[PDB]
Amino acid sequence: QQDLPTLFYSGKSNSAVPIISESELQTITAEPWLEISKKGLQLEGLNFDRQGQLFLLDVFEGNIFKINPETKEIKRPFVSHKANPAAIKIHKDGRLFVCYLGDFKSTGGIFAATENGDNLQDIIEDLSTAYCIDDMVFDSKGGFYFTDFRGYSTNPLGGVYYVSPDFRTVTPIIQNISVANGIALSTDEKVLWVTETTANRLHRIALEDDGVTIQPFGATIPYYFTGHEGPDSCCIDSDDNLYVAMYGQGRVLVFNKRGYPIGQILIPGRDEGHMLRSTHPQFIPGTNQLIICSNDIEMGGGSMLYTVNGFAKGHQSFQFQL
């Protein structure tokens, strides 16, 4: 957390229910942090381990990178054996859970492995299930919610599902979503955030204490995004703010706990069409420094990790609890 552009609780960003348009949002431009390659890689799945080391991957080739935020050294522990891996969520026991899309129609799933790619275990099989899992989030009990990345605008085949801590039970939380993409839990785990990419909508779901039942009229749409392509991955901070990467828009939008926009982070070169594939936001553990990955594949230009300081320190998600 150095002297990078920072988001402050000023003006409408400090209001509980600010009435404001995207063009007037407190805005900052992210700075280059670490180039992953001169080559165009579909970077995704940012996630730090208990040691504060950064893990991520590229969807198309399945490479898995481990980065030292301190020295900025890049390592390539292993490669996904499953097609189109999209996210990495680290378990409290140190394992890496990898969500993958497969053929984009039904051969997706989730597998776990060690930091080095050993002990490959199937959490959710690809052929026995019809899921194409794009992301997930662990609750404090070891269970997790994942997004079913399927369908399109008027064909809502997607949805959100909950997997029990023993990975034996899978129960649907909310369905009829045109490609569920990003997902996150509020600090108290009573609210579930989900982004619907092909319909440009943000979902806010109030859950009962059992964590699987939606409160009466608890599933709402606090925000309608705009622009091609749509909302992608997201994460929260300790103040319960939501950071949403906008795929194809070269930006990240930030909302407060009530779902109102309060911040905007732009990726350099977006106006000229560069680095529009901003796919994931993630905080360096114990700090308010946000890391954002994007790539310039669409114009032949490499893969970069950008950074800025968010409103508050990152949240102590599962891999940081004990």
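Residue indices: 1-based, along the sequence shown.
Peer 1: Give the stretch, out of 269-277 and 54-62, with the larger mean C-alpha temperature factor in the deposited entry.
Peer 2: The stretch with the larger average C-alpha B-factor is 54-62.
Peer 1: Which is higher on average in the deposited entry, the C-alpha temperature factors of 173-181 or of 119-127?
Peer 2: Taking the mean B-factor of the alpha carbons in each, 119-127 is higher.
Peer 1: Among the choices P156, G218, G230, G108, identify the one whose CA B-factor in the record is greatest.
Peer 2: Comparing C-alpha B-factors across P156, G218, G230, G108, the maximum falls on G108.
Peer 1: Given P222, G151, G248, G102, identify the residue with the highest C-alpha B factor in the PDB entry.
Peer 2: Max CA B-factor in the entry, restricted to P222, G151, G248, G102: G102.
Peer 1: Among the modelled residues of this chain, does the Cα B factor of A87 put it in the lowest, middle or highest third?
Peer 2: Middle third - that is where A87 ends up once the chain's C-alpha B-factors are sorted.
Peer 1: In terms of the CA temperature factor given in the entry, to which third of its chain does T226 belong: lowest, middle or highest?
Peer 2: Its C-alpha B-factor, which the entry lists for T226, ranks in the lowest third among residues of this chain.
Peer 1: Taking the entry's C-alpha B-factors for this chain, is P18 in the lowest, middle or highest third?
Peer 2: Its C-alpha B-factor belongs to the lowest third of this chain's values.
Peer 1: Quick check for you: using the entry's CA B-factors within this chain, is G259 in the lowest, middle or highest third?
Peer 2: Lowest third - that is where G259 ends up once the chain's C-alpha B-factors are sorted.
Peer 1: Going by the CA temperature factor in the PDB record, which third of the chain does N68 belong to: lowest, middle or highest?
Peer 2: It belongs to the highest third of the chain when residues are ordered by C-alpha B-factor.
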